[PDB]
């Protein structure tokens, strides 16, 4: 079987607090997939789109999607993005969590673009997330067989750091602006058993061993976001996170 590349909304199931924003006012785009709209932070403020067919790590995988982060502080906005492999589905993600906190569904792994501070997350402490502006980070993570999340693969706090938004409105400066649509590339090279993620001009690397995933078992792939809340002060904003799912590309090899 040769690889195929698919594109289109119809290739994904929608779970939880995810919808389509037909006509964004602030982005050059239509029909964006939108997370965390119309609901305050809490246990159920989470969403996933799940590719309808399974992948396995005997074969290459390549996924590209443009994402646009909320232009909201890390104490008011969303938790981030989790590009997650799981043997279970989007309902299991809604029940048990993902890869954006300290614990989620067991034996999942993937790439985390972290945009939200949580007072009980030890990785947010390591990564120096607390503070002003739009402080976040990228990294691979895995959930162990209990669900506990840990950083895996390349990076240090200094190199993982990224400003996930800014206050500018210019399209001429040659700079990254995380509130605009910017591609995320997540790929897996079966020949060297290595996952690569790129975003914001930065790269991260992790082996299959480091992610803890099976070399042969079938996995689902989910694009997740959430806004679970950081305490109960009532200080929050919309947490709206958007992705061009209709324009995304996913390359895999069907059985």
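Residue numbers count along the first chain shown, from 1.
As the entry records it, the average C-alpha temperature factor is higher for 229-237, out of 229-237 and 14-22. The stretch with the higher mean CA B factor, choosing between 121-129 and 83-91, is 121-129.
When the C-alpha B-factors of 75, 115, 143, 183 are ranked from the entry, the top spot goes to 75. Out of 139, 179, 156, 149, it is 156 whose C-alpha atom has the highest B-factor in the PDB entry.
Among the modelled residues of the chain, residue 248 sits in the lowest third by CA temperature factor in this PDB entry. Sort the chain's modelled residues by C-alpha temperature factor and residue 63 lands in the middle third, per the entry. The PDB entry assigns residue 101 a C-alpha temperature factor belonging to the middle third of its chain's modelled residues. When the modelled residues of the chain are ordered by their C-alpha B factor, residue 165 lands in the lowest third. Among all modelled residues in its chain, residue 53 ranks in the highest third by Cα B-factor.
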